Amino acid sequence: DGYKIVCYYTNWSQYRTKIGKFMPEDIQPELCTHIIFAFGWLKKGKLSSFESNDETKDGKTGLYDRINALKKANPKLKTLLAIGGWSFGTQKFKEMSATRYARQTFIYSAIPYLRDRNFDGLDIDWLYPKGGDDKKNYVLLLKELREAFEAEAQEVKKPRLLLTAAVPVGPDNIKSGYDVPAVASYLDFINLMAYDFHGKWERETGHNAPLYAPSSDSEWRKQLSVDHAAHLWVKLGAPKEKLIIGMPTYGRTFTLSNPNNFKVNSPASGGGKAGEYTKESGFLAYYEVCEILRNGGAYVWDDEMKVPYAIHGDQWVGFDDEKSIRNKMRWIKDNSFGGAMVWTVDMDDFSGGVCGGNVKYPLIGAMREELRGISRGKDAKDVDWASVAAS
Ligand SMILES: CC(=O)N[C@@H]1[C@@H](O)[C@H](O[C@@H]2O[C@H](CO)[C@@H](O[C@@H]3O[C@H](CO)[C@@H](O[C@@H]4O[C@H](CO)[C@@H](O[C@@H]5O[C@H](CO)[C@@H](O[C@@H]6O[C@H](CO)[C@@H](O)[C@H](O)[C@H]6NC(C)=O)[C@H](O)[C@H]5NC(C)=O)[C@H](O)[C@H]4NC(C)=O)[C@H](O)[C@H]3NC(C)=O)[C@H](O)[C@H]2NC(C)=O)[C@@H](CO)O[C@H]1O
């Protein structure tokens, strides 16, 4: 194939208002190599629909089909259905993976659920397995998924269902839940969630996803970087080419205790203000940060972490822009990784009119440029935030 651009689509972006309202049709069919639908759900231990909107029933197409319709314009595109995520909790996953009967019950529900809806594979987003029991059962679930997927592919003579998983970057989390060598052997590839290294759960300011940890940081702290985390999965037994490194189209926000101290690892009095469209304190969509910059926000590039943050009053945002991204893509190329994962496709300037470069998908578009050599076309150019906004 080459390098992968795996984009996560979220079915709750449909509920956003004005510039943030996102429908599947807002995805260019050749933007990504894989689209992962977030999320499916679990019910009675079986793969089920999150809510009716995703399913098509009344002769009105649901979100599943509206997504998978993208494969008509681009046959080479692959779609997966992801189950889990944060809001899903762990308890249901523990119970599903507990016994072989519990697992197989899930597995044999999943395969027809996926085929009947024209999905090409399955993404397991259990956050996270924890303890020695989960560590074993997590592996068992992946193994038995792989086995069955394989068997089915041969019986029905179709290309095999893909099996993937989103996995964490917190060293603690990893050690405690993931038999990495085996976990990787059964997955087709690995979505490394190289983000949420820092957030409103901390009394300090920190970047959502630095490539390298600052000098300001503590040595134990220094472990928190996209570079350390990724190399840590290779060290534990993961194949380089199965690692798809996560890239955030969102930023984690803070409120400065004192707006005069706006440097990274400054004291913060809690999370930053909610975005107007995302409506959740502690983060903003990249297009929501563009608005801040284009309305008096100051921009700062941290040449240590190779990522930027922005400030407006006592509001502090760590994010990724085209400069931050590209540098990362080169990093991927350099370390020979599988490609890029993107959380999310719906929080990039998908419309083209917000950040101001008049280019749809400036970020993921730049990932596809660097990794797969496909121009954003025309004369589109990175917005040069430095000059554009105050310091
Ligand atoms: C005690 C202490 O100090 N502990 C520290 C420890 O916490 C630190 O470690 C860090 O911890 C934090 C939280 O404790 C971790 O944060 C979680 O990180 C995971 C990834 O590992 C995130 O999950 C994936 O990433 C995306 C991005 O967040 C997730 O997207 C979220 O998904 C949820 C639901 O799935 C969305 O909820 C939706 O909210 C909207 C808005 O209101 C609502 O309308 C929707 O209805 C609702 N969803 C539904 C289904 O209804 C949420 O919006 C979205 N976030 C977005 C879009 O920005 C997604 O779940 C995961 N992706 C895939 C793929 O599965 C998780 O979100 C995140 N949680 C929180 C609360 O932040 C962090 O990962 C962890 N990092 C590290 C490095 O450890 C450590 C380090 O400082 O120190 C300890 O001391």
# chains A, B, ... in the order shown; residues from 1 in each chain; ligands from 1
call {"tool": "residues_around", "arguments": {"residues": "residue 85 (chain A)", "least_positions_apart": "6", "cutoff": "12 Å", "atoms": "only C-alpha atoms", "output": "ChimeraX atom specification"}}
result
/A:8,10,37-42,92-93,123-128,165-168,193,343
call {"tool": "residues_around", "arguments": {"residues": "region 312-318 of chain A", "least_positions_apart": "6", "cutoff": "8 Å", "atoms": "only C-alpha atoms", "output": "PyMOL selection string"}}
result
chain A and resi 205-209+251-259+262+272-273+283+289+292+296-298
call {"tool": "select_by_dssp", "arguments": {"residues": "region 11-185 of chain A", "states": "strand (DSSP E)", "output": "PyMOL selection string"}}
result
chain A and resi 34-43+46-48+78-84+121-125+162-167
call {"tool": "residues_around", "arguments": {"residues": "residue 225 (chain A)", "least_positions_apart": "5", "cutoff": "7 Å", "atoms": "only C-alpha atoms", "output": "list in words"}}
result
residues 209, 210, 211, 212 and 213 of chain A
call {"tool": "closest_residue", "arguments": {"among": "A:9, A:220, A:250, A:138", "to": "ligand 1", "atoms": "only C-alpha atoms and all ligand atoms"}}
result
A:250
call {"tool": "residues_around", "arguments": {"residues": "residue 340 (chain A)", "least_positions_apart": "4", "cutoff": "7 Å", "atoms": "only C-alpha atoms", "output": "PyMOL selection string"}}
result
chain A and resi 4-6+244-247
call {"tool": "write_last_selection", "arguments": {"atoms": "C-alpha atoms", "output": "tab-separated table (two decimals), in the first residue's frame"}}
result
chain	number	residue	atom	x	y	z
A	4	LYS	CA	-1.74	4.85	5.81
A	5	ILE	CA	-3.98	7.80	6.54
A	6	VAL	CA	-6.50	6.41	9.00
A	244	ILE	CA	-0.14	4.10	12.84
A	245	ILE	CA	0.69	7.18	14.88
A	246	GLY	CA	-2.19	9.33	16.09
A	247	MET	CA	-2.55	12.98	15.15
call {"tool": "residues_around", "arguments": {"residues": "residue 74 (chain A)", "least_positions_apart": "4", "cutoff": "12 Å", "atoms": "only C-alpha atoms", "output": "PyMOL selection string"}}
result
chain A and resi 27-35+67-70+78-79
call {"tool": "residues_around", "arguments": {"residues": "residue 238 (chain A)", "least_positions_apart": "4", "cutoff": "6 Å", "atoms": "only C-alpha atoms", "output": "ChimeraX atom specification"}}
result
/A:181,184,233-234
call {"tool": "closest_residue", "arguments": {"among": "A:66, A:228, A:279, A:333", "to": "residue 117 (chain A)", "atoms": "only C-alpha atoms"}}
result
A:66
